[PDB]
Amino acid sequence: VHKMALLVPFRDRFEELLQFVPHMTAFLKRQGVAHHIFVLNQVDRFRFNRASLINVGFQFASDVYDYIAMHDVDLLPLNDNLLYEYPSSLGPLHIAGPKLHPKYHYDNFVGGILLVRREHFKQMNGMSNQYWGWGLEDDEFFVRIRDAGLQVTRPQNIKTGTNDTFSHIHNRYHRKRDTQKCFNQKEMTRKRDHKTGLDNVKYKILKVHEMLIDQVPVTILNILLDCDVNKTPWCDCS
């Protein structure tokens, strides 16, 4: 059978994580999905880089996981018909589709929760590394999906919709989105990145922690991401 690496980019969301772990373990257990949660704890001081943290988690995870779930820690599925299944040959399986997501509704939205076969993630050279702070990293990945001759599939015949498919417990004031721009960030991050990815994300895993949360095993990666300010100075706008 198949195994999912549940990759959870993470910084300063302990409260969310305590809700995430039990909810997801139970949910996935009901649909027979074998999996393991990898908390991608960014311990450098640069702005949050979700995509790069995913690259790291993918490298770390062993070949026994034949697919991954890039999974926001604050987004809980409320509908058991959302199948976190091995994606088809077509490409990524997007769980949090534009018609089910509480907040994002455009056609090619692939954020929130996105499942990708190991082989396809390698094909696409994983995600761009140039996204420091909120926004755009998932859209650039959409393009990587089309450029690889792949496509996005989403669950069919979900009866629930944008108000009752997911719990998105994320108060915009409690957890601020880091929308700042500095240096030439707008211009540069809006353009397709053919130069970086899985194969050159620069980092170190300082420490690996085996945690149990009410018996449920979970792996913490303390990831010190590196920034080349000659290429991506917007990693830090202070």
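Residue positions are given as counts along the sequence shown, with the first one as 1.
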| property | result |
| --- | --- |
| Segment of higher mean CA temperature factor, 137-145 or 157-165 | 157-165 |
| Which of 184-192 and 34-42 has higher mean CA B factor, as the PDB entry lists it | 184-192 |
| Record-listed C-alpha B factor of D72: chain third | lowest |
| Chain third (lowest, middle, highest) by recorded CA B-factor, residue given as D178 | lowest |
| B-factor third for the C-alpha atom of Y203 within its chain | lowest |
| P98, C-alpha B-factor rank within chain (lowest, middle or highest third) | highest |
| Ranked C-alpha temperature factor of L78 among modelled chain residues, by third | highest |
